[PDB]
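**Student:**
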Amino acid sequence: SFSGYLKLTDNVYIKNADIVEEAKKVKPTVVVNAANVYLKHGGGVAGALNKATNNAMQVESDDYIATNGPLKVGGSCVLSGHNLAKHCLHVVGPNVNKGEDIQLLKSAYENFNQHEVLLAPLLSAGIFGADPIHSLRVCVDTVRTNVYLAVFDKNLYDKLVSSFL
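Sequential numbering from 5 applies to the sequence shown in PDB author numbering.
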């Protein structure tokens, strides 16, 4: 299972790791993708996860959008995890760079509660523009299921651990 994680709370764990490499190693039941409403996996975590699936995640996502239309900001959908996980939970956190409501970050994390254990990135962090320290705080205050957070950046990982209340 998951190894080398720092325990933050009863159910939240964190590690300085590339989520793609972590998924390939563990092959968790659920890997969370930092998705946008259109499931266009262009950059950040989404681009990296999609590239690891040889674009199979994007092909599957385009069919999902053609059938169902876009997701809501704060919403999610469960699709295949391809070669990374059993499933991928595509969760849309607010993108601060697109002027989206940061209050929707709690709604986005609530999607994790439908899964007993997940490998995940910090929602709305990275290219989504939110403060990762705030994302971690919303995560521990919202997620009740077991969440294993993969933080790509070492310097950000250290800042998150050292500042965790």
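Positions of the beta carbon are idealized from the N, C-alpha and C atoms, including for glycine.
Here's the rule: buried if 16 or more other CB atoms are within 10 angstroms of the residue's CB, otherwise exposed. What is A21?
**Tutor:** buried
**Student:** Quick one: using the 10 Å Cβ neighbour count with 16 as the cut-off for buried, is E26 buried or exposed?
**Tutor:** buried
**Student:** Tell me the rounded alpha-carbon separation between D105 and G97.
**Tutor:** Near 9 Å, if we compare the C-alpha coordinates of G97 and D105.
**Student:** Which residues in the same chain have their Cβ closer than 8 Å to the Cβ of residue 170, if we skip the five residues on either side of it in sequence?
**Tutor:** Nothing about residue 170 can be read from this structure; the chain reaches only from 5 to 169.
**Student:** Tell me the DSSP bridge mates of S84?
**Tutor:** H91
**Student:** Out of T13, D162, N37, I137, which has the shortest C-alpha to C-alpha gap to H91?
**Tutor:** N37
**Student:** Output the boundary residues of the alpha helix (DSSP H) element that contains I137.
**Tutor:** 136-146
**Student:** Can you tell me where the alpha helix (DSSP H) holding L108 begins and where it ends?
**Tutor:** If you look at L108, you'll find it in the alpha helix (DSSP H) that goes 108-114.
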